[PDB]
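A look at the structure
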Amino acid sequence: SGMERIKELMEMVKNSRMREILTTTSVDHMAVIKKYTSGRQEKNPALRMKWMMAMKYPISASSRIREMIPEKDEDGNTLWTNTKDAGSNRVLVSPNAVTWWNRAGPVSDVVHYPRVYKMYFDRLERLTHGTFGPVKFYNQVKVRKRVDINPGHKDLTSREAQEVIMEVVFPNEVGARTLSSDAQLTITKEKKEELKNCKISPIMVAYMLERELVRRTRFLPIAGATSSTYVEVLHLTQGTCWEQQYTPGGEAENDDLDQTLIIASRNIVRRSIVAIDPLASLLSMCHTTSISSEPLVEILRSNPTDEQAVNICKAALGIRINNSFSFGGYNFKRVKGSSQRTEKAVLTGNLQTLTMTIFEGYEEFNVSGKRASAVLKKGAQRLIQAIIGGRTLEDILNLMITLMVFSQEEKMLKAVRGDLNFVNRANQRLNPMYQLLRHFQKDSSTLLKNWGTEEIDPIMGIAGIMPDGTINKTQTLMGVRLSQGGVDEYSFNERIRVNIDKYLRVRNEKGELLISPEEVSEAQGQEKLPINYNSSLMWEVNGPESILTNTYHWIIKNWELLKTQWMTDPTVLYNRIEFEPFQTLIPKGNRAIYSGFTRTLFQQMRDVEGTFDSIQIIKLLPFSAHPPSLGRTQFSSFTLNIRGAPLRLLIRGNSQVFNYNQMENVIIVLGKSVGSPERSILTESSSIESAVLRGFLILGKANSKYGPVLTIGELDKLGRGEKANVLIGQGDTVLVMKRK
Amino acid sequence: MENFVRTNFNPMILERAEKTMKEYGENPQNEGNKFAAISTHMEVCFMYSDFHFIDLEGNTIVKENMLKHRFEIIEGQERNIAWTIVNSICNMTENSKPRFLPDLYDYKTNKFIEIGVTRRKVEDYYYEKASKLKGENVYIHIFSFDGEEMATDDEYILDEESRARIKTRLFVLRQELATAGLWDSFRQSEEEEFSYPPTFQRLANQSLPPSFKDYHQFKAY
Amino acid sequence: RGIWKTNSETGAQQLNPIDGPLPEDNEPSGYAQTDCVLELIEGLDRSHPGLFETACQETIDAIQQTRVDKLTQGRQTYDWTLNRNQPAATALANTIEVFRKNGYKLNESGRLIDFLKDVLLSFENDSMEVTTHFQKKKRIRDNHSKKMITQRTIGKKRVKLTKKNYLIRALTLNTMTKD
Amino acid sequence: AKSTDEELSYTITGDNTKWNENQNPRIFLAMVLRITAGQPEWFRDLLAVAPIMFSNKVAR
Amino acid sequence: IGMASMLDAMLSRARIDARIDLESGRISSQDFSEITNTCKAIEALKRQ
RNA sequence: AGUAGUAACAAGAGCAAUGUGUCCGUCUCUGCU
RNA sequence: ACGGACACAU
Ligand SMILES: O=C(O)c1cn(CC2(n3ccc4cccnc43)CCCC2)cc(O)c1=O
Ligand SMILES: [Mg+2]
Ligand SMILES: [Mg+2]
Ligand SMILES: [Mg+2]
């Protein structure tokens, strides 16, 4: 009842050394004296186990084995022996005693293993009922990123889950801190009701709860899906040259499917506009695309996902549009106006150079969901007017932080205090608009006194909010008011009817241009579930790193066919649909200026004989997959958007993107070998070149018998029969003549 | 003062006062009037609970010497010990857990008790204490050297004799602070440091670039 | 090519190459210039504004909440009370025992910074009194090989360190070969 | 990315000769004092102790 | 965590555990008195 | 002799740092088809 | 949280 431990403490206190230790050691010093060890350290346990298992008794167990396991086997083995001491509570045990217990010990009716290790049985249930597709062989472009190896609880973070575990298992030891969430409280009451009358040790209960509730992450090289059920089978699903198609056993997660529907929508939308019919291609790809081995159009008829590119895929089919987008989890529904996106290089509050994406153009908003409402008048970097509503008085105060992050003026971008790294510890680019969100939730005093005040007229139906938390009726902040009733429901939460056209601009029965394809967010996220665009319009796995390698891999094996199309009737070659998903990597204003340069380079390779570089026709060819312009400008590199970072591709020589390797006789793209082009080096390696400059011929290396040096942009005022020395790029000079 | 407190309070009161000051990181001789105020708080918290029992029938009695105490004393213990007591009580009587550590717990009325002792007026420190403790169902009780005491919502769970004895002891202590003169400093008294000792100061002076003779001269440079 | 001085506290010969003569070849040199180091740290602060202050604030928050038993996280630690390596928790327990035997009881609060204040205050102690492991040898006969061997029996013993000996042991790094 | 196209780029695969023997605790003292500039002086004195102790160390 | 000694922590925990067990009816009054007197004997030794 | 290699073993006290990352756990015998 | 193993640098 608790009498035995106080009698034992009396017995120990009657010893003098024990009493001095128990009276002089504090609870903090007990952590030090608990790990006190005065013997020699045991090293090398592998070697020690190798030779200790040759002995008869390598195992030390408690003395109760003398009552549970006999001293003699049926075969005559000795199972345990008493130690060299006399009153030791410890015996030396043979592994034959372990085998005796496993074959002839007491059978128990109560086993605890499927409950304590329920996580691993969940894993085995996911594997056993899983399905295997084929194996495809291609160059896997893995990217090292942080993923979840244990998903944890959705309502908890790791520290909140550890505090829930302490409140459940050891409730009288939690100390000063309380549980600061209602989710913590519901999980705590549920786990306390679940774990009543448990004869398991509390530490094993705590570790079982940590396997259930605590989210663990690791940096792993992932090629495909990144949800926690595709990460446990990462050794099975991917390798260096192969992909095993695997669907785990069981029902998928909802928030995982909601995310990967958006990523698959944006790929099909961005692929479609560089087709000659952007609607007929989007319908051809939506009906064949599958997510976690489930078709797309059956997901697009039951999902409440409110996103811009999802709405193109539904308005093409016929599913009704719930027109809104989501920042922070709230429905940010537009009303009126129109904008367009184009990024820029702006400065932030912590003196860091940031590449933000700001929506330039007027947009009227009705932002409302589940706790409040807001009618945000807003244009270009200007929170003009927001009559914000609510239900409780405090829930308006947190949503006040929500709208003022989305505003992005020249006030909130320079009213940031603290340390807000938009990169991570691996120099990985975090998206900026959600980093100001999680920062201003608790640091809000810089967003209330830098925002200032604006004068208003005493009209009824309007309240106010001050910087210092005062509800007011004379003054308030700039562009933010407070209403009472707000805007009612069943107009944001109605899925309205719309119609689509050939170029995917989505307009309703009145004619509101609700979605244009130019308003699609051109980001490449990594999906939680795999996506099989089983179509002849895409490649095997999408991704900007994969579109680069697979396009050049296809030109290299089809080079015997494509070189003949290049030699005669070349405009049939440029119009290939294999070349079309490569154009999603080029920015929009750069497409016609690159094909006009490239085809002008390609025509000078034809009118000048002997200047046939098959390694440079390959490199420039998927930049001609567009109707050209007549803009006679000079380029030394072509930029390519991959994960936000514009990779350059040099017209002359290797790069980090297109590297030809003379040693292996191969073209290396992004570190992936994409095959030997033709192996025609002896016909190649010429002197005169024609596909580097526009209207100019490189004539060998540098020579100063013609005058000074120029650069690539300063060749505009030249004449006939005039040669020069030009910095061509990558630290070298060539003799260059503007021809006839 | 110092010897006043050591001649006026019991050895257990001064022992818990010295242990409290050490736990909060301050010697009793550096802060003497704070030591006297801590011994005052401890003595009032002990006179609130001494010889006050609950019998087997649940009726509170007062004794001189098979009984259990009415109050659990939380002031004086170490902070994690006091939080163990408070957490065990809040888990038995399923109430809300107080945000700050209280001073007593009453098993009869099932309530946490907070004790303030002031030299100033009772009502100003009472309103500042009820503002500091806004949000909890504690029972505040302010005593003064003046001879007035304030309860919470004018309700009393202690009897008349014990509260009169507390006010008698506080009046005697206040008059004892006057006759030795130390009521002027008493009634008008309401960071991390890391220095170098001299041997390490000379080691610091010998650890510089060769054109500096002093560690502080180099720190200024 | 640096300056030689005798330490006033330990009595040791100390070589100061800092702000020494600039090197004249490609040999390894220790003549670091203090102004150039300060210029580089100033440039690191200029390219990263608010970095040093954030890192110092995190270190200030971590100093106040670090216990003494963090020092038990180590592996084999030079134990100055034994003049030998011991495990880290054993070495810390011997140091705390010797300190509290000598009147340095700030580390009784359990914070690491009070232990560090005791470490700095113990250098003023004119005579440290530590417990040392001595041994008692005895010639016995081995019973399974019939060879006269030496029986070693380790006991504890109290000695008195001087101030300079304690200061030399407190600055002592024990060495061994990396295997 | 932070390069134009008329630029060579070379990478040194570098090590340093006798790294720990050519470092200096007095330089570490100057580094620690400049990093903690404008900080509380107890904190600057606490963080200076380890370079001062390594400037006066002996090796058993 | 803690600054009190191990013995004071153990005696405080034993007293509050016996009191909560007597409030919850999980021990008797004689067991409560015997636990509290064992704690007082340990404190009589700890004084010396 | 031999192992070995900048210093040892060839019996008669067995000397394991710091930092970072990843992974796992929670007290009289010798037989690898 | 603590421990063990392995890798790398010093
Ligand atoms: O410690 C408490 O819970 C508590 C502290 N006082 C303040 C005093 N005090 C006592 C210890 C202590 C430690 C830090 C700061 N003030 C402290 C007691 C008298 C003088 C100051 C007052 C109450 O009413 C309390 O309930
Ligand atoms: Mg108190
Ligand atoms: Mg009080
Ligand atoms: Mg090196």
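What comes next concerns the included structure.

Side note on the interface of chain E and chain A
The interface is formed by 25 residues belonging to chain E together with 20 residues belonging to chain A. In this assembly, chain E and chain A are joined by 2 salt bridges. Here E:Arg13 ties to A:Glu173 by a salt bridge, and the two come within 2.4 Å at their closest N and O atoms. One can count 6 residue pairs in polar contact joining chain E with chain A. Sorting the residues of the side of chain E that touches chain A by element identifies helix 1 (6-23) and helix 2 (29-47) of chain E as the ones contributing at least two each.

Describing the protein's contact with RNA strand G
Neighbouring RNA strand G are the residues A:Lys35, A:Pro45, A:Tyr207, C:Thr72, C:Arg75, C:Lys178, D:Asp15, D:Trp19 and D:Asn20. Each atom of RNA strand G within 4 Å of the protein was classed as base or backbone; sugar and phosphate made up 68%. A:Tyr207 places a side-chain nitrogen or oxygen 3.3 Å from a base nitrogen of RNA strand G. Here a base oxygen of RNA strand G sits 2.4 Å away from a polar atom, N or O, in the side chain of C:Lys178. For the surface near RNA strand G, the residue count by class is 3 nonpolar, 2 polar and 4 charged.

Section: the pairing of strand 6 (residues 111-118) of chain B
Residues and elements named next belong to chain B. Buried residues dominate strand 6, accounting for 7 of its 8 residues. Pairing of strand 5 (residues 104-106) with strand 6 involves 3 bridges; the strand directions are antiparallel. In the sheet register, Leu104 faces strand 6, and the bridge partner there is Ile113. Remark: 4 residues form the turn of the hairpin made by strand 5 and strand 6, two consecutive strands paired antiparallel; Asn110 in that turn has positive phi of roughly 55 degrees. Bridging between strand 6 and strand 7 (residues 139-144) involves 6 bridges; their strand directions are parallel. Residue pairing for strand 7: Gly116 is matched across the bridge by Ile142.

Some details on the pairing of strand 33 (residues 722-727) of chain A
All names here are of chain A. Note that strand 32 (residues 709-710) and strand 33 share 2 bridges and pair parallel. Looking at strand 33, one finds that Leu710 is bridged to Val726. Sheet topology note: the strand 33/strand 34 (residues 733-738) ladder contains 6 bridges and is antiparallel. Paired with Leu727 across the bridge in strand 34 is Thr733. Linking two consecutive strands that pair antiparallel, namely strand 33 and strand 34, is a turn of 5 residues; a positive phi of about 115 degrees is found at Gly729 within it.

Here we look at the site of ligand 1
Residues and elements named next belong to chain B. Neighbouring ligand 1 are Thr20, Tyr24, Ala37, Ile38, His41, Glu75, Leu101, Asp103, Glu114, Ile115, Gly116 and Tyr125. Within the side chain of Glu75, one N or O atom sits 3.3 Å away from an oxygen atom of ligand 1. Computed on the free molecule, ligand 1 has an accessible area of 510 Å², of which 71% lies beneath the protein chains in the complex. Within the residue set of the shell around ligand 1, elements represented by two or more residues are helix 3 (32-47) and strand 6.

Cut-off values and rules
- Residues numbered from 1 in each chain as written, not as in the entry; some residues may be left out.
- Chains lettered and ligands numbered in written order.
- Part of a larger assembly, values for the part shown.
- Heavy atoms only, no water.
- Contact = heavy atoms within 4.5 Å.
- Salt bridge = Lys/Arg side-chain N within 4 Å of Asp/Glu carboxyl O.
- Polar contact = N/O pair within 3.5 Å; in protein donor to acceptor, adjacent residues only side chain to side chain.
- Helix = DSSP H or I, 4+ residues; strand = E, 2+ residues; numbered from the N terminus.
- Near = heavy atom within 4 Å.
- Nonpolar A, V, L, I, M, F, W, Y, C, P; charged D, E, K, R; others polar.
- Buried < 20%, exposed > 50% of the residue type's maximum accessible area, 1.4 Å probe, protein only.
- Pairing = 2+ DSSP bridges.
- Areas by Shrake-Rupley, 256 points an atom, 1.4 Å probe, with all protein chains shown as cover.

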